[PDB]
Structure formats: C-alpha cells, structure tokens
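# Structure at a glance
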Amino acid sequence: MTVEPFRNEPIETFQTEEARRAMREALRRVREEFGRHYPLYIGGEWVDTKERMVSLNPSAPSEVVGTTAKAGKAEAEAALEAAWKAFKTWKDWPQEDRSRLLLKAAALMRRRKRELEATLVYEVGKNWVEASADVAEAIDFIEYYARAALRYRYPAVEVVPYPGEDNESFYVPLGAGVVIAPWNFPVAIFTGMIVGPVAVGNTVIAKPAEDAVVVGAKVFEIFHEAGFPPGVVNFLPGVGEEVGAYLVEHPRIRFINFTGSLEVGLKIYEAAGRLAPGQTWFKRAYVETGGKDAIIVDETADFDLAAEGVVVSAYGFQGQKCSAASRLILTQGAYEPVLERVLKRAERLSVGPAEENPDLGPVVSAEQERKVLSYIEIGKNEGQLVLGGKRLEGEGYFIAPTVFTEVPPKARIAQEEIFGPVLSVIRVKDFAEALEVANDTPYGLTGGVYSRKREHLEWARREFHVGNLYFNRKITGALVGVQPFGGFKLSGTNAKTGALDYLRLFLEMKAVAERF
Amino acid sequence: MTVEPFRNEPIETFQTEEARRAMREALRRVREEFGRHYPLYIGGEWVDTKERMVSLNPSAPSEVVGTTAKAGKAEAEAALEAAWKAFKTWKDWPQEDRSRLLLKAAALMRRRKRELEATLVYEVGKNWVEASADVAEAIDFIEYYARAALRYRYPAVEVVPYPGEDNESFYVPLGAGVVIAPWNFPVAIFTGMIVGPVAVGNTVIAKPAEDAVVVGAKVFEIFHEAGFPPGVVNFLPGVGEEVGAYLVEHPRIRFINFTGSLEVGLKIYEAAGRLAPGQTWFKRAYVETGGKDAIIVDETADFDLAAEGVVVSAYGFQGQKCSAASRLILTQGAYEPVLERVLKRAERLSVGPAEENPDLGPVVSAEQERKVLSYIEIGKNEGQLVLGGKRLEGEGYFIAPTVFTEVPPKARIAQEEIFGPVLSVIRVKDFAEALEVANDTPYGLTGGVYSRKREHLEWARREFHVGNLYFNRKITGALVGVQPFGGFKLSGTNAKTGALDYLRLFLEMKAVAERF
Amino acid sequence: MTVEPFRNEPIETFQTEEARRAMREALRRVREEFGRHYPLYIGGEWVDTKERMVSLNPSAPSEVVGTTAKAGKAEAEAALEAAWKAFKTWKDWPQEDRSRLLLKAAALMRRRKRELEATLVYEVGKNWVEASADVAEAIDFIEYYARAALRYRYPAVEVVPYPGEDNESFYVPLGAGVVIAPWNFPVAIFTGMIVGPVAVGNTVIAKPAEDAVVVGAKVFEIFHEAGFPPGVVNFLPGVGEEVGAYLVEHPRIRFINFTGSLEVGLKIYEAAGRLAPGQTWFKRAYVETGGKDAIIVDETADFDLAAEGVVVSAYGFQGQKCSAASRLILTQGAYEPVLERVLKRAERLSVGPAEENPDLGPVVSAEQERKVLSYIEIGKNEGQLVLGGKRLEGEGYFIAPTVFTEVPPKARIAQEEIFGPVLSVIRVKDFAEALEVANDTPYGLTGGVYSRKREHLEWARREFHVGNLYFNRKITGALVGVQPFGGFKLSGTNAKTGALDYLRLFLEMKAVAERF
Ligand SMILES: [Cl-]
Ligand SMILES: [Cl-]
Ligand SMILES: [Cl-]
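Residues numbered from 1 in each chain as written, not as in the entry; some residues may be left out. Chains lettered and ligands numbered in written order. Part of a larger assembly, values for the part shown. Heavy atoms only, no water. Residues with missing side-chain atoms left out of burial classes, pairs and counts.

The deposited coordinates, according to the entry record, derive from X-ray crystallography at 1.90 Å resolution.

As a further point, take the relation of the copies chain B and chain C. Between chain B and chain C, which share one sequence, the superposing operator has a rotation angle of 180 degrees and an axial displacement of 0.0 Å; the RMSD is 0.2 Å. Such a combination of turn and shift is consistent with a two-fold rotation axis. Considering only C-alpha atoms, the residue of chain B closest to the rotation axis is B:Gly273, which sits at 2.5 Å. Of the residues that chain B buries at the interface, 99% are likewise interface residues in chain C, meaning the two copies contact each other through the same surface. (Least-squares fit on C-alpha atoms. Contact = heavy atoms within 4.5 Å.)

The subject of this paragraph is the interface of chain C and chain A. At the junction of the two partners, chain C supplies 6 residues and chain A supplies 10 residues. Of the roughly 690 Å² buried where chain C meets chain A, counting both sides, 43% is carbon and sulfur surface. Where chain C touches chain A, the interface holds 3 salt bridges. At the boundary of chain C and chain A, one finds 2 residue pairs in polar contact. Split into classes, the residues belonging to the side of chain C that touches chain A amount to no nonpolar, no polar and 6 charged. (Buried area = accessible area lost by both parts, 1.4 Å probe. Salt bridge = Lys/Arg side-chain N within 4 Å of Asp/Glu carboxyl O. Polar contact = N/O pair within 3.5 Å; in protein donor to acceptor, adjacent residues only side chain to side chain. Nonpolar A, V, L, I, M, F, W, Y, C, P; charged D, E, K, R; others polar.)

Our next topic: the domain arrangement of chain A. Many authors give the size of an interface as the accessible area that is lost as the parts come together. All names here are of chain A. The domain architecture assigned to chain A consists of domain 1 (1-289 + 480-516) and domain 2 (290-479). Here the C-alpha centre of domain 2 lies 29 Å away from the C-alpha centre of domain 1. Residue-level contacts link 39 residues of domain 1 with 43 residues of domain 2. Of the roughly 3,200 Å² buried between domain 1 and domain 2 on both sides combined, carbon and sulfur atoms contribute 56%. On inspection of domain 1 and its partner domain 2, the count reaches 1 salt bridge. Residues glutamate 130 and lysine 321 are paired through a salt bridge, measuring 2.8 Å at the closest nitrogen-oxygen approach. Inspection of the domain 1/domain 2 interface yields 27 residue pairs in polar contact. (Domains from an automatic or database assignment.)

What follows covers the interface of chain B and chain C. With 75 residues of chain B in contact, the opposing surface of chain C contributes 75 residues. Together chain B and chain C conceal approximately 5,900 Å² of surface at their shared face, both sides included; 54% is due to carbon and sulfur atoms. Looking at the side of chain B facing chain C, the largest losses of area belong to B:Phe282, B:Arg461 and B:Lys510, adding up to 14% of the total buried there. On inspection of chain B and its partner chain C, the count reaches 11 salt bridges. Taken together, the links from chain B to chain C amount to 40 residue pairs in polar contact. Within the residue set of the side of chain B that touches chain C, elements represented by two or more residues are β6 (165-173), α9 (262-272), β11 (284-288), α14 (454-463), β18 (468-471), α15 (500-504) and β19 (507-515) of chain B. Its residues placed into classes, the side of chain B that touches chain C shows 36 nonpolar, 16 polar and 23 charged. (Helix = DSSP H or I, 4+ residues; strand = E, 2+ residues; numbered from the N terminus.)

A few words now on the UniProt feature "binding site: NADP(+)" (unreviewed entry) in chain A. All names here are of chain A. Mapped onto the present numbering, the UniProt feature "binding site: NADP(+)" (unreviewed entry) falls on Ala181, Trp183, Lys207, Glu210, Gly240, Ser261, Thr289 and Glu417. Spatially, the listed residues are scattered: they cover 237 residues, and their C-alpha atoms lie as much as 23.2 Å apart. When you line up the elements, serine 261 lands in the loop between β10 (255-259) and α9 (262-272). Of note is the side chain of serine 261, whose polar atom sits 3.3 Å from the backbone nitrogen of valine 264. The topology assignment puts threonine 289 in the loop between β11 (284-288) and β12 (293-297). Judged by relative accessible area, which is 2%, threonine 289 ranks as buried. If near-sequence neighbours (up to four positions away) are discounted, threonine 289 is found in contact with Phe258, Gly260, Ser261, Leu262, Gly265, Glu417, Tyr443, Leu490, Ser491 and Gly492. A polar contact of 2.5 Å, which involves the side chain of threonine 289, links it to the backbone oxygen of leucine 490. (UniProt positions renumbered as here; feature names shortened; annotations may be inferred. Buried < 20%, exposed > 50% of the residue type's maximum accessible area, 1.4 Å probe, protein only.)

Turning our eyes to something else, we now look at the pairing of strand β11 (residues 284-288) of chain C. Residue and element names in this part refer to chain C. The buried count for β11 comes to 5 of 5 residues, which makes it a mostly enclosed element. Where burial is concerned, the two faces of β11 agree: the one with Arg284, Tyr286 and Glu288 and the one with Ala285 and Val287 are both buried. Relative to β11, strand β10 (residues 255-259) runs parallel, the two being bridged by 5 bridges. Paired with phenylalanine 258 across the strands is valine 287, a residue of β11. (Pairing = 2+ DSSP bridges.)

Further remarks concern the nonpolar core. Counting residues in hydrophobic clusters, the biggest one holds 95 residues, and the most contacted among them are B:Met109, B:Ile194, B:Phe220 and B:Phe228. The leading source of residues in this core is helix α5 (residues 128-149) of chain B, at 12 residues. Each of domain 1 (1-289 + 480-516) and domain 2 (290-479) of chain B contributes no fewer than three residues to this core. Ignoring any residue separated from it by four or fewer positions in sequence, one finds B:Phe228 in contact with B:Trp90, B:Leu101, B:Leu102, B:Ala105, B:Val198, B:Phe223 and B:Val233. B:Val160, C:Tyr144, C:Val213 and C:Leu503 belong to the second-largest nonpolar core, a separate cluster that totals 91 residues. (Core = buried A, V, L, I, M, F, W, Y, C linked by side-chain atoms within 4.5 Å.)

Here's what the structure looks like:
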C-alpha cells in the first residue's frame, strides 16, 4: 500500500471547549446561509432549472434551509449521456489513479467536517453527535473503498495455469448506474453508495432524498473540487417516483444502488428484473430496505448496561434508523428489572430543536410525523402505552420517546417498521422463545443480545437471523470496515457496505486466454 | 501467475531414434540454406548494406554458412534513432503485455529448436548436445525473464506510509542500450542479454559476434515473427571495434550489456565511465568477462566421478567457455588416482566435424586456433605436456584435448584464459593450499570441489571466491533460474543472469508523493 | 522481526518550553566547547597528526568551532590496512549481530540528539529545525538500514530447485570502500552512506567534507562508543582532491559511495571505470550529484498553499540542498497570483546567525558566498531581479533571499545548480509547456507540482522526469523509508537512500550447488 492502514474517522463528542467552539461557529455559518440555492450537477458543471426542490428545517419548518434545482426526464437523459460518455475513459484509469481521487475527496470532506455536520443538524434534525457520526461514516466509506478497490486491480483473479497458454482473468466496471439515497444518513449512505461503484470504474447519477437535497449538493461541491472528470458523478435532486423511477426503468441504466423503504425497494427490484425495450443486459439492483430490529435481554445480563444500550439504540436520531431497536424482547426473569430501567432512562430524554443538541430532535418531515403518530394510534389498540405516545408543542415535528409493553409478537407495531421513537416491549418465557420471536418478522437487519451466559450468546451467533448482530452493546452505529453492514430477508440483498465484498457487486469478470 | 510455473527446457540427448531423425533433417535443411544472406534488422524491417559479413564452418572453413549485412556508423545511428523512438511507447506498455510478447517469442524459438541447434553445429562447431543446451538456455532466458519482469510491475516498491499522503515508488526502464554478445553461446547469451532489458521496457541494439552472425540473424527472425514493435530490438552485425565501440562511446546510449573477453570488457567499462560530449546521464555497463576456473579434488573424493566431471568441464565445447575448468588442483593424496583417470578418459575423446556429434568439434576460427596453439607453446616452457597439444588433421580447426602437469600456480597457462581444450594440473599439499591456489588469480567465475568431507565442502562454500561454485559435479552448464550466473573480481560486474536481480539492473526508481 | 516496526524519528519544532530549554542548553555547551580538537579515527583508535583541518562558524567566521587532524596518503594507507583486515572477520558476523550494532548506534545518537543539532547550527549554519531534521534523518538511516539488512540475510535468494541437488544463492559484502560526504547534511548523509554498506558486512573509510569535519568526528564518537570492531569504520577528515582522490583511484578500494557536486561526481565515476595498476575487480561507484529542481504551478492550484511550499523549498537551509526548488515554473493563469504571494512571503524571511533560529542562516563558507554572489551577477544579465540579490551586513556569509523572474529556460541561472537562496521564475503558457521546461535540464532529482487537476498530476507522475516527485507540498525533506531518495540523468546513479534497494548496491551474489 502507498497510504497508512485504514482507521475509522473519530466521532466527535464535543466535550472539549475547542470542539464546542468549532461547532457553534459552523452552526452559525450554516444558519446564516439559509435560503441558498444549489443547481443540478451534470457533466462536470452546475446546471439550473425552472422548477425547484425545497428543503425545510424540521425543527422549525417555516424556515427554508435551502433549495435545489429539480431534475425531470430531460435532465435525467442529459446525465445519462454525460455518465456513459465519461465511463468510456473513466473505466480505463489505472486503479491507483482512481483511488487517489477518492483519497483527495476524503481529505476535502474531512476539512469541511463541522460544516457538513451543522448542515445535517438543520436539514434533517440530527443532534450534534448523530451528525458527527454520519459525516465520520461518509469519510470512512471514501477512505475504505479507495483502499479496497486496489484489491481488485488488474489482473486480480486467481486462476489455474495451463501448458502453452497465458490465462488471465480480471475485473472490469459495469457502466453508468443510478444511486437512489435515503434522508436519514444523507451524507454517509449518499457518499458510500456513490463512491463504491465509482472507485472501481463505474459512473453514477445520484438521486438524493427529497428532505436532504442541500447536504447532498454540498457533497457534490466536494466531488467537484476533488476533480472527478465530467460525467463521472452527477447530482439529480428530484422526486423519487418521477426521475428516480424513470432511471430505474430506463434501458440504458446498467445498475441501481438503493437504500430506503421496503415498499420502494420491492418496486425497484421488480423493475430491475424486467428487460426494458432495447435493453441489452440483465440489470443489477442492490437494495437495503430497513428492518424491525430487536434487542433480547435475559436474566443473566447487566440490566443497567442493557437499559442504556436499548435507549441509545431505540431513540438515537429519533429511532429513524434501519438499525434502530424497535423491539425489546425480555425473558420472564429480566422483564421487570429491565423495563423499569428503560423507562426511568427514557423519561429523562430531552426533545427540542436539533441545534440545541437535545437527546432527540424532531422527526424529519410532516409526512414522517403523520406516519409515526398514526402508528402510535395503532399501538394504543395493540399494546399498553407506558410512556410518551404524543406530539410535543412547537412548530417542529417533535414526538416524545414512546414505549408500548405487553405487545403481541404479531402486532402491527411489532412487525412493521415505524421509523420513529417508538419501542415495543415483548415478554417471553426464555431465551429459546426470545429467539423465536426475534426471528419471526419479514426482516433481518440488526439485532442484539444482552446476556452473560456464553451458551446463549453463541447460540444467538448461529441462530439470531440478522445480518448485523451485537452482544452487550448498542445495535446501531455500525462502523465501516469493522462491521460489514447489510441484512437478510426483506431487509435487502445483503450488499455489505464498508466491506471488501461491496465493490465486487459493481464489477464483472473477463477471462482472456492466449495460446502461444 | 497466469502461466505455469517456470521449468527448464529439457536438453535433448538424442537417445531416441526420433530425435536423431529430427536432427539429421534439421542439419540438411540448414546446410541447404548456406547460401542465404541476412540483412540488418532496424525499425521493424530488414535493411541491407553494400558491405557484408562472411560466416564460415569451423569444421570445414572453406565452406560458407551464410552472409549478413555489415553495420557501419550510419546504420548505428539509424538503429539508435529507431530504438529511442520505439522506447517512447514501449516503456508505457503494461508489463503483462510485454511479458506475453516474450512468451510468444519463446514458443516460436521452441518450435525452431532443431533448426537453431543445427545452425550452431555448422556455424560455431558445437556438437549435438552442446548445441541443444545452448538453445534450451536461450528458451529458458525468455521464459524466466518474462515471469521475473512481472515482479517489478507498477507499483512494486515497498515503502513506509506517512499520514495524509500517498507515497508511491515504482520502477521505470532506462531507455535504449547496446548489447554486445560473444560467439561461444550465440543463441543463449545473445538472447538473454537482449530480452532481459527489453522485457522491462528498454529497447536494444544487438551486435552479434563476428563468428556467429548467421545464427544471430535467425534469432531475429523469431523476434520479427513474434511482433516486437518497430525499433524495440535491432540487429547490427558488424566489427566489434568499429560499430561496437561507436555505440559504447556514444552519448545517446543509456546502457551497455556485454559478455566477452576481459580485454574488451575493461575498455568498455572505462568508456562507460566517461561523459561523452552532450551526454546527459551516467552510463550503466554490465560486463561478464570470463575466468580461469578450477576444480579442486581432495583424497576423500570419488575419483571416478571427479575425473568424469573434470573431463566434461574442461573439454565441453572444446573448452571455449567462461566456465570451463582450465585448472585442476589436486592434493597430494588425490593427485595420482585422479590424474591417471582424467588421462585415461581424455585420451578416449573423439575430435572431428561437429555435425558427426564428436566429443569435441573444432575451435571456432583460425584466430582462436592461433591463440590456443600459442598458449600450448607457452605451456611447454612452463609445465609438462602429458597429453595432446597438437593441431589435428583437416582444414577444420581441430585441436586435441590437452593436459599439462607440474604447472606452477603463477604460470601464464595457470593464470590467463586460453579458451581452448587445455587443462593445467596443479599439485598442492592439502585442501587449505588448494583453496589458496584456487583463489589466487584475477578471476572469480566458476569453481568446483570434489570431496566427501563435509568440512571441506562447507569451508569452500564460504572461502572459494567464485560466483558459481559446484560440489561433486561439473562446473559448466549453469541452468537458468537454478544457478544465477555471474562472477567476482575480473570475471565481471556480477550481473547474475537467469535470476530475479538481473532485471533490476535495467530499471531506475521513481518516488511520487501526493499530499491530500 | 525482533524490534518494533520502523517509524521515522520525530523532527523537533521547538514550540514547547521543554524543547527550547533543552536546545538552549545544548547550544550553550557546544559553544563553550569551541576550539576543541578531534583526531583521525583509524583501526579503532583516535590518531592525531601534525597538520590539521579548521572548521569555522559561518555565522561569525572569526570563531573556530573546532579543528581535526588531517589525513594524507600515509593515513589513507593505514586506514586501508585496518579496513581490509577488519573486513576479514566483519563479513562473517551474523546479520542479526551487525544490525543490533547499528541499533545500539542509533540509540546512542538519539540520546545525543540536541548536541548534534547544536553542532550543526554552529558548524554549518542551519537554523534549529533544519538541524533537527538532519539529525532525525541520520537516526532514520541507522534504524532503517539495520532492519533492511536482515532482508538480505543468508540465504536470501529465491531460486529454482533441481532434482538431486541443493542450489543455494546468497549475498556477500564487497569489502573495504570509501565514503566521500557533502557538507550540507553532514550528519544525515554522512551517517547513511557509512552505515548502509557497513550493515551488510562491508568496512568503510569515511572522508567528511572540509566544512563539516567536527560534526563528523562527533558521529564517530558514537560509532566508537557503540563498539564497532577496529577497522570497520574509519574517520579521515582531509582535502577531497587529495586524500579523497587518492582513495578513489586506489587499486585496493572496492567501492566508492559519494554525494556532492556534479563536477566531482563526474571525475569519480570516470576514475572508478579505470583499472588502476594491480586492481583485481571492477569498481562500483554510487554518486548523488544534485540538481536544478523545479516546482510547477498551474491555474487550478491553491496559490497560498503553493507560495508557502515554494518558499520553504527554495530557502530552507538557504537553498543549499540538492532538493531545493531553484526554479518556479508558472502557467500564464497562475503567474501573477503565485509570484505576488511568493514575494510577499519571501520578503518577510529573517536572516541572521543560525544560533538565533532565523528563517535563514548564512551560506556555509566564503567560497560558497563567492559562488552564490557570482551567480547573482550572472542572473542580473539574464533575468529580472525582483527581490534581494545582495549580501547582508555582518561577518557571517549572509545573503538575502533572492528572486529573478522572466527567466529564459536556457539561462545559466535556470540550468546550473547555484546552491544558494536564489529562485528563478519561468513563465510558460500551459502545463504541457511547463513539463517541457521542467524536464529540459541535465538533471532529474526533485520536482513538484501544485495543481488540483487530477489529469495534470497523473500526467506529471508519468512524465515529470525526476526521481523524487511531490504533489501539493514541499519538494525537500524526503523521509527515510517513505520516499526513496535519488535521481535521474546527471543527478546521479539513482542509488535510492532509505530504501531496501540501497543495500543491494553493496553486495554481490554467490550461487553454490551440491550434487548429492
Ligand atoms: Cl443466521
Ligand atoms: Cl566468497
Ligand atoms: Cl519518469
């Protein structure tokens, strides 16, 4: 290697005066910047449009964080032309050259770290630390994929030799594809889904989520300054069901990288399986679709340690994470002790404008608020409400940390992804039944077990069917490189991000033999 | 990694009827082409000249084996322009591509093996087996270097990482250089010295020895058919002192790869150290300059095995090898037993036209004959002639296997390289004195020890100062890859051919750092 | 390994009170030591002489930092006898034993770090940080070569196996050689050129530069305390053209390791190519001969970052570095913005006695002052003087940072190494022409490019023909292990210091086969 061994970007806690000072100034500059307009980015240049996308401050929705241009079918076609044209030469860049480009991008992102975090606080309502972890993760994706990509450099395939011939197998990129990102990790997942494919030679048209178009534009400012060739990466903020669907169904889109709801993921995967008119390849579609994550606690666990991890896992970023603990499965012996600790901890959580660095900020939008409050009403008819369950006063979309107990395993609130600060507690007899209930959902993304009994931990290691399992610690915050992230069942296609395998998904192999 | 592991090309022994049949047919085809004229090869095409070179059959010098063009200064300049023009793009070829080209050349040579061996027999007087080993070695050089070159591909240097930077070191070729080859291994060494530098990106101007211009041209027929780009390899048969010296002293020759006499090697090394008018680099000159190799035998040895190895080493190819055993150092207890056995074996050696596969063919030329006969006369005044020492009947330059005994260590025939079938026998007290006499010459190429005493063998491993040492076996016929070949002291610059280290000599290193 | 992974010795910045305190005390003790006399070091003992070498303080030349004995031909012969005698056994030391000796030497040097830096400040006029980097580099050479040498331990050569035989190839040291060092890095390069050869079994006679004999003696005090066997390393301060030339031309000197001017390097390389009377080997000569290093800046660069790097690169240690940026090539779009920033930065540079830790100390000697002022006069007739260009008031050899602009690419000041604080600015149309001008000098040591355009950086990576290339950072201060140091063309033989390959230059290979 020609760079130092990968290390995860430290997540800022803001305990020191220097950190608080830097963050206050970043928050103030971003705030003073409200209302700014960001154009589309196609073929290496910013391109404006007549229509626009508006991004509001979830902590005070009367405030416009900023606006962006709006991509329709015409802009989609333009981006496609630029991306395919760019692919023609981008695919031939030595891998070392492409990786150095990503490393430059990571360096530029790191320098604008505070600013990006501040933008997350205002645009999507993350408190300070949640914002810091998001940006740190994005930096990690770039650093990790830059190095990982070199493991696939020409000619990387291990083959069996043959007398009188040279037999060489190597990987080549797929082409131009589309990236459709979520709003909950608008810098991290947005960046990761883009730079992975791009690092190995693909070109990308990125479609940021409606609620996070501004931070997406700022990421592209970094790509532009880094110097990615025209067409290699394109920014197309717009409506998913419109320009997003258009690209997914397009005959000239080689692959689709998607992270979001199961509803949309199911549509994309189905569409990808169809041969659009004139299409000349079988589309590849990678989808990460969330889950209904549970944390199990048995009577041998450290109850205080468990309650702490459950609260962090269930309410971090208002429970708006595909990794969030939305289910708490407690064995008979641990039910009371753990539930009482969880409630005492959760009732002390603060809720307020994200800029104030509360424990919980607001949910991301009115629509999200509607969805979460709606599930709370359903919950009142399925389980026992024992904490919160209501909207708080204020313009922002504030929902109090909520807890339902005595919830039936097959209740809607114990099966459907709510994506809000709502925890469903399920009582079970023992560990065996705990695993039963844990596995009995259509998902399989994250999971956790708090227990001191080795046999239960090792049993879960083999039988708790989730892609990311954690013992005696929070089940959120998967670190790039450390914990390959991706699930099973309806949580997606198991495309592990922050793992060597991720890049192989954006490559195809060629075997060339020469008989001398 | 994309081809089978390296293996040495089997040396044909002609023990089967099919092998003999094939050789007889190759000999017929080759002699039926004795009238052919081979032009120069410059910039991808054969270019003829007014003057010419004539090659005779040393087994019947009135018979012409062929003629070639004769390169002068004008042709040297033409080749130089073509080689530098080619270097500009040849240096940028992926190493994998350059290696495949060599592998193709090896495959072609292997298919024309009998034809080349037959040409060696008629042009330089090698018997069948010596001819076969020569061609097999050339094939080995191509196969080995094609593979070794890949160990230096971009970016191959191991460096220490530094924070915030990419530090990449890699190898790059030198440019255009001249290869000046000997007549004793006109296919193997001629091929090795050319393909080694070429394999890693350099371009070469090859100047074959006057006595083997025809077989040198046939090697280029192979290079041409293999498809080396115009200018990469150039064929310039001509007078060493003329065209050879012109290139060596030229300010635009980047390196010189030479194998031949010490006399010429010393001149070349001195010239290489000077800055010619307008020259913009420090020239690298690699010179292998023969030796005065000895085989030591103590009283614990298997005398029959030793006598066999001595005869093989001293008279193989009429002793015209830089590795030939020209000194036989015997301790008191081994003297009589060994000398009598060597004499009995040597007196049974046949001598005659090489095509009849005798034990010994003729020496290569009238000049060589004059030199050898002169040393024989000198020997008569320094030691006691006990075998041979006469020219044999026929126009061919046949000289009988010769043995001198009671030769003083510092005698001219015990110090100077005769390059003929002349073995000097020196008697010593013990092994320690044997090592002292072995080391006391200006040379250090090959050497051997016949003994069963482990302490004597391991002692020699450390104190017998020669680049290639052999225990209880012949000291000639070093195999590519198995025995890196090159010596110490006045035997040259220790450029180990058939070894990974050989290619490093034709590369320079660049270190590029990028601060992100 | 039996030691921790190599890490570069930290370069002291002296920002903390502890560092300033330690340095002030070291400077005071060295100063109080002025006038001390150091003898020659031959055969493990200090040997005085009648004549002496005088070392003055360039910041106040009336002060004698110290004096040393003076080696003539008689002392050279004595050192040669001691070095060859020492080689006899030193070559047989297990590599692990030799490396541990170097590690001990490094530990002793590290403990006397402040003292050595202080000696550099007074003897050669380096400010505090330049002095710190010099000593840190020396420590790095010892630490790096100690480990690197183990990679060559018996039996290190990868060979192809053969049926019924043991085939073992291994490296052995060359013998006793001479090291001729420069005055600009009298601890670093002096140490590196000595310990590299010595680590693998060679013995050395070291000839320090006239202006840095005292610090050279202090290095030998460390070697002595470390315990290198008598004769392994010898200290011979004296006149280069006298005792230096004597050793270079001597028939019993096996190799020459030289760093200095191109004029002397050319003479040494030529002499090394000659066979002195009675010489029994082909001499090896490694020469690093400086350069005419340029930094290129295009219109896409961070002009502030570039101006800062240019000033550090051009004036660090008064531009008395073979790596110093003596040329600034600016494209049309970057000319004005960068030149104005360079001038504003350079005009603020302080000049004064090195002990005061100014930005620039004095040039090293009266002769150097004469040479630099002379080139300034030539510059006034070739380009436009826009800053400095004069001597400052004081006894010390102080020259103001100088800048010439509108300099013709082929002007003497844009082609010849001035080795002073003189920068030549060259205006060009674009990057293509920038590379043209950059490569058009007889040298090829260091180079740099400030640019944000990936295509220009990657183009330079392959076409800016210098051994050490840096992007968006200073082109001086190559770190051992991180950036193999050595150039192309007339900058030397490309012997990369602080790289694994460096040690191979002081070894020759032996292949020993045993047929069972
Ligand atoms: Cl599982
Ligand atoms: Cl030896
Ligand atoms: Cl280069």
